[PDB]
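This report concerns only the one structure given below.
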Amino acid sequence: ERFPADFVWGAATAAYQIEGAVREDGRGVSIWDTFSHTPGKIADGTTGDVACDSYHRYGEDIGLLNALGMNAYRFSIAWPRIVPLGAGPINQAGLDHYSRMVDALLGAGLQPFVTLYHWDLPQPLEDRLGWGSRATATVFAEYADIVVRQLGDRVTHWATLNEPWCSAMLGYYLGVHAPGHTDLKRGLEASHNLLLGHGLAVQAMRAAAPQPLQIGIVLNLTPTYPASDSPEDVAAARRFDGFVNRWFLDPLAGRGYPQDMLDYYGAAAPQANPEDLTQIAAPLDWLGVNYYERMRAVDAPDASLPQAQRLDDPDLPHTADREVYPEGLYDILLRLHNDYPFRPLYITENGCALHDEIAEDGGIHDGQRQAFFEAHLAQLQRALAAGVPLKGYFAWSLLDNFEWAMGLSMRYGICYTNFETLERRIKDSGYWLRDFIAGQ
Ligand SMILES: *[C@H]1O[C@H](CO)[C@@H](O)[C@H](O)[C@H]1F
């Protein structure tokens, strides 16, 4: 029934999804500015130019966090505000903005959980191949050093990357996210340079830190289940598990890249010399798990790599964009606790999208999102009972925001955002979370 008294209860955002103010105070151009302003890439013709205007309205966001009784806020720093050319001089005005925002959070009793990279690579670095270049890993570590020097007196909990699988595979292989390339070899090279950048940044941050820091990385993980016990379906499940999960977990854990996936990728695999793998396995203080969905895998030899297709389950609840399977959160946490060395663990993203509207009474009656939270929180209690060292939970998202290639049309907030007036309103699920947390 009860969570630990010191459990972290928060909500999460990312800079490009909320901030707007894309040309203000020296901000440079990111790959997502370029991508969202490319005709046809965003489903509804919107961009992050304004989004939630949280660059100006972060005080309102703090007011919402306080009204919800949260004790932490997970947000990202925009690299284009800090080093507008990607590699080059710092923009002190960008650092000062986040310094003030951190002070406002601390003044409100909210612990800042900062993500350094949540997908907004400076465009000048992409012009020089982006994550396809080792040099980008080096300059990412330089950016991490700069930020920790100025904010590390007040922020203890830092993550390097958010969801490198998305940045690499959606951005460079499937082309659905920025920068929009469609090449497997580039995607796999990007995955390696993201991990290398992570490892270099961890070392740089520890050297630059004014106090001991708690440094993690945030991974999206998908528990995978074979559709049947046939050799073909089991192998498809293992391949998909390798494609999403083990490709990142194993090198972070000092186990190299998984051999079965190296064999499967063949010549497309990156050239990983042992010096890189040692750097990638820099010791971490925590791991963040982003969980939305499972994969029930059926062999699909004709389909594209990794030749595994999802078997939809029509009996399970579905949201606006995903299947709901709360038990998969328990499964993946038990697997991490038993099979991998990372601890403690935080749930750094969990939430759902719905076709939310403001009702006649003024509220947003998002019962499915309340049920979503209730079901996933119950699975966390089961995991804690099994001894999983879970230390906090972050709802995705504090407010409806710019949802990448879906634009403003996919609402994940516990607070509703009117994108015309920028008013925020707490949804019913947000009041449920408030009251649940207060009971803890
Ligand atoms: C986790 O997934 C949500 C929903 O797709 C995104 O909005 C976040 O940026 C991502 F980190």
Side-chain angles (χ1 to χ4, degrees), residues 10-30 32-33 36 42 44 46-68 70-82 84 91 93-120 147 151 154-155 159 162 178 218 348-349 351 353 356 364 394-404 406-427 430:
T13 62
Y16 189 76
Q17 303 189 257
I18 67 167
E19 281 183 359
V22 289
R23 292 161 289 264
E24 301 223 349
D25 295 330
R27 184 176 175 277
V29 177
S30 87
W32 273 96
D33 300 84
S36 69
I42 311 302
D44 65 359
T46 64
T47 71
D49 283 3
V50 176
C52 307
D53 197 33
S54 292
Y55 188 77
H56 296 111
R57 300 182 192 240
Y58 64 85
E60 294 185 42
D61 299 347
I62 289 174
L64 296 168
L65 290 155
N66 179 74
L68 297 163
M70 303 278 191
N71 63 27
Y73 182 36
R74 174 168 183 260
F75 65 98
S76 81
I77 289 179
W79 188 354
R81 293 193 191 284
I82 307 309
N91 176 33
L95 286 162
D96 291 344
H97 168 80
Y98 290 110
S99 188
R100 289 186 293 267
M101 182 187 166
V102 161
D103 286 346
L105 287 166
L106 291 170
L110 300 158
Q111 180 175 356
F113 267 69
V114 175
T115 310
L116 286 168
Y117 185 74
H118 202 133
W119 303 355
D120 44 347
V147 177
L151 299 180
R154 285 159 291 159
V155 179
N162 179 85
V218 170
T348 39
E349 188 200 60
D356 295 310
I364 300 89
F394 293 86
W396 186 268
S397 184
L398 177 62
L399 72 177
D400 299 331
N401 62 51
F402 179 81
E403 178 52 31
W404 306 119
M406 302 302 313
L408 299 177
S409 291
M410 193 66 69
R411 290 181 181 275
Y412 274 94
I414 64 179
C415 302
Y416 184 94
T417 309
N418 181 320
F419 293 113
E420 207 165 34
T421 68
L422 301 163
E423 182 187 351
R424 299 101 152 94
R425 203 172 294 201
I426 300 170
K427 304 182 186 170

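Any value given below was found using the heavy atoms of this structure, including those in side chains, with hydrogens, waters and symmetry copies removed. The chain is numbered in sequence order, starting from 1.
A side-chain N or O of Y73 and one of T13 form a donor-acceptor pair less than 3.5 Å apart.
In summary, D25 and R81 do not engage in a salt bridge, as defined by a charged side-chain N under 4.0 Å from a carboxylate O. A salt bridge links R27 with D33: the distance from a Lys NZ or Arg NE/NH1/NH2 to an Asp or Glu carboxylate oxygen falls below 4.0 Å.
Aromatic ring orientation, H97 versus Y55: parallel (interplanar angle below 30°, classes split at 30° and 60°). Ring pair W32/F402 is perpendicular by interplanar angle, where above 60° counts as perpendicular and below 30° as parallel.
No side-chain heavy atom of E19 sits less than 4.5 Å from a side-chain heavy atom of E24. Taking the side chain as every heavy atom from C-beta outward, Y117 and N162 never approach each other to under 4.5 Å. Counting heavy atoms from C-beta outward, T47 and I42 have side chains that stay 4.5 Å or more apart. Between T348 and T115 there is no side-chain heavy-atom pair separated by less than 4.5 Å. Looking at heavy atoms from C-beta onward, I82 lies in side-chain contact with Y98 at the 4.5 angstrom threshold. Between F75 and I18 the shortest side-chain heavy-atom distance does not fall below 4.5 Å. Side-chain contact between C52 and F419 is present, with at least one heavy-atom pair separated by less than 4.5 Å.
For residues 107-119, there are no salt bridge (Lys or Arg N to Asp or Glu O under 4.0 Å) pairs, not counting sequence neighbours. Among residues at least two apart or in separate chains, salt bridge (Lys or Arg N to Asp or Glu O under 4.0 Å) pairs with a member in residues 406-424 are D61-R424, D400-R411, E423-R425.
Of the inter-residue distances, the one linking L105 atom CG with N66 atom CG reads 11.0 Å to the nearest 0.5 angstrom. For the atom pair CG of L64 and CZ of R57, the computed distance is 12.0 Å after rounding to the nearest 0.5 Å.
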